[PDB]
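S.K.:
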Amino acid sequence: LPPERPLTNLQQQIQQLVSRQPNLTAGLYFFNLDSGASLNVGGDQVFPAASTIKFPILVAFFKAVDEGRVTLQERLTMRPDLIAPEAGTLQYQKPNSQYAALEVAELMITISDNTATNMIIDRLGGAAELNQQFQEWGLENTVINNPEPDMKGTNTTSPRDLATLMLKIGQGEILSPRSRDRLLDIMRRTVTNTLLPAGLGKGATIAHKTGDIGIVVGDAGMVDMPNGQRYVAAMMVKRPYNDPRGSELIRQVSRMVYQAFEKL
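For the sequence shown, the entry's author numbering assigns the number 274 to the last residue and increments by one with no breaks.
1) Examine the Cβ distances between the stretch 53–65 and the stretch 257–270 and report whether three or more of them are shorter than 8 angstroms.
2) Which of helix, strand or coil does DSSP assign to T62?
3) Identify which residue in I24, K248, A214 has its Cα closest to the Cα of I225.
4) Exposed or buried, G182, counting other C-beta atoms within 10 Å across all chains shown (16 or more means buried)?
5) Report yes if the C-beta distance between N156 and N165 is below 8 angstroms; otherwise report no.
6) Rounded to whole angstroms, what's the CA-CA distance from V69 to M197? Just pull it up for me.
7) Are the CB atoms of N42 and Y268 within a distance shorter than 8 angstroms?
8) If you follow the beta strand (DSSP E) that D222 is part of, which residue opens it and which one closes it?
9) Classify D54: buried if its beta carbon has 16 or more other beta carbons within 10 angstroms, exposed otherwise.
10) Buried or exposed for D91, going by 16 or more other Cβ atoms inside 10 Å?
11) Check whether the Cβ of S48 lies closer than 8 angstroms to any Cβ atom in chain D.
12) Between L210, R133, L205, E84, which lies nearest to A230 when the distance is taken from Cα to Cα?
13) Looking at the structure shown, is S264 part of a helix, part of a strand, or coil, going by DSSP?
14) Could you pull the DSSP bridge partners for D234 from this structure?
15) With distance defined between alpha-carbon atoms, name the residue in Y109, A115, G98, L172 nearest to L38.
16) Just list the residues that DSSP pairs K248 with in beta bridges.
17) Relative to the C-alpha of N237, which candidate in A214, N252, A244, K64 has its C-alpha closest?
18) Taking the alpha-carbon of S186 as reference, which of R15, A74, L20, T62 has the nearest alpha-carbon?
19) Can we say the stretch 111–129 touches the stretch 14–34, given the rule of at least three CB pairs closer than 8 angstroms?
20) Considering Cα atoms alone, identify which of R30, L193, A36 is closest to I260.
21) For the candidate residues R85, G221, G163, whose alpha-carbon lies nearest to that of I121?
22) Could you pull out every unbroken alpha helix (DSSP H) segment of at least 4 residues lying fully inside the stretch 68–155, listed in chain order?
23) So who's on the other strand from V51, going by DSSP bridges?
24) Could you please give the first and the last residue of the uninterrupted alpha helix (DSSP H) stretch that includes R192?
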């Protein structure tokens, strides 16, 4: 990869947009794989992860598959202690009913299924075991403190953690080629695309995972531009409950960066 080269001008403009919003606290990190152009505006700060942490969890899932510790077809049980409200469809099924591991992992991501997420976290050895794995990958502030949906926001991450994990995955680290491609497919098929994707130009594609606990909103992933360029992106915003300004801010920053890389 090319060296990191701050886009000083654009960084400055984003910090201005951010800082002139009273009751929002934003953090973001973008990195262009071709040019090395980078953007870091509160990117290292710790945020409640909300559902963005499901991305690291998915990586851990496919790591276990690669290592033969989990199989794609093994049956996982929706135990009463794992059932969780908020996003998801498994919660409406019979307690102790069973699902193929890959189906559960996919639902965790595509619809942010919180029951599926608890099922996967439990199958992979629990929170502590995953927290250890996240540290191994260089995620410094990505920690699972409680089950999902974790509406209180106890589980943490950072924009830099999320984007750098995606950088590694994009570049073929951590996961096998088969698992990598499965992961990217799943992360192209999520149902919440009102944040980073809404700032992208026609023909761009994005593998990503959103998170929203009302009090925090964020998104992270990898964008492929029609011009051939690739970049990773992550942004988190602390907001008043369901404040549309927080989600619009992500859209605005997504658009600014997309258009900057278009012109460059």
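We put the beta carbon where it would ideally sit given N, CA and C, even for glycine.
M.R.: Straight from the coordinates:
1) Inter-segment contact for the stretch 53–65 and the stretch 257–270 is absent: fewer than three beta-carbon pairs are separated by less than 8 angstroms.
2) Start at 1 with the first residue of the sequence shown, and residue 62 comes out as number 52. Of the three classes helix, strand and coil, the one that applies to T62 here is helix, per DSSP.
3) Stepping through the sequence shown from its first residue, residue 225 is reached at position 215. Just measuring C-alpha positions, the residue of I24, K248, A214 sitting nearest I225 is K248.
4) Taking the first residue of the sequence shown as 1, we reach residue 182 at position 172. So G182 ends up on the exposed side.
5) To locate residue 156, count along the sequence shown from 1; it is residue 146. To locate residue 165, count along the sequence shown from 1; it is residue 155. With a cutoff of 8 angstroms on beta-carbon distance, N156 and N165 are scored as near each other.
6) Stepping through the sequence shown from its first residue, residue 69 is reached at position 59. Stepping through the sequence shown from its first residue, residue 197 is reached at position 187. When rounded, the distance between both Cα atoms is 11 angstroms.
7) The count along the sequence shown starts at 1 and reaches residue 268 at position 258. The count along the sequence shown starts at 1 and reaches residue 42 at position 32. Not closer than 8 angstroms, so no.
8) Here residue 222 refers to the residue found at position 212 of the sequence shown. In the DSSP assignment, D222 falls within the beta strand (DSSP E) that extends over 215–222.
9) Residue 54 sits at position 44 when you count from the first residue of the sequence shown. With a threshold of 16 other beta carbon atoms within 10 Å, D54 falls short and is exposed.
10) The sequence position of residue 91 within the sequence shown is 81, counting from 1. Exposed, since its Cβ has fewer than 16 Cβ neighbours within 10 Å.
11) Absent from the structure: chain D. Only one protein chain is present.
12) Residue mapping note: residue 230 aligns to position 220 of the sequence shown, counting from 1. Nearest option by C-alpha distance: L205.
13) Taking the first residue of the sequence shown as position 1, residue 264 is located at position 254. In the structure shown, the three-state DSSP call for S264 is helix.
14) Taking the first residue of the sequence shown as position 1, residue 234 is located at position 224. Looking at the DSSP assignment, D234 forms a beta bridge with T215, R240.
15) One-based indexing of the sequence shown puts residue 38 at position 28. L38 has its Cα closest to that of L172, out of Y109, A115, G98, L172.
16) Taking the first residue of the sequence shown as 1, we reach residue 248 at position 238. Beta-bridge pairing links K248 to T35, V226.
17) Here residue 237 refers to the residue found at position 227 of the sequence shown. With distances taken between Cα atoms, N237 lies closest to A214.
18) As a working note, residue 186 is residue 176 in the sequence shown. Selected option, being the one with the closest Cα: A74.
19) In short, these stretches do not touch, since the Cβ pair count stays below three.
20) As a first step, residue 260 must be located in the sequence shown, where it is residue number 250. Nearest of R30, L193, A36 to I260, Cα basis: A36.
21) Here residue 121 is taken as the residue at index 111 of the sequence shown, counted from 1. When only C-alpha atoms are compared, the closest one is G221.
22) Here the runs fully enclosed are 111–120, 124–133, 137–146.
23) Reading the sequence shown from its first residue, position 41 is the one you call residue 51. Looking at the DSSP assignment, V51 forms a beta bridge with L38.
24) On the sequence shown, residue 192 is found 182 positions in, with the first residue counted as 1. Counting along the chain, the alpha helix (DSSP H) containing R192 begins and ends at 187–197.
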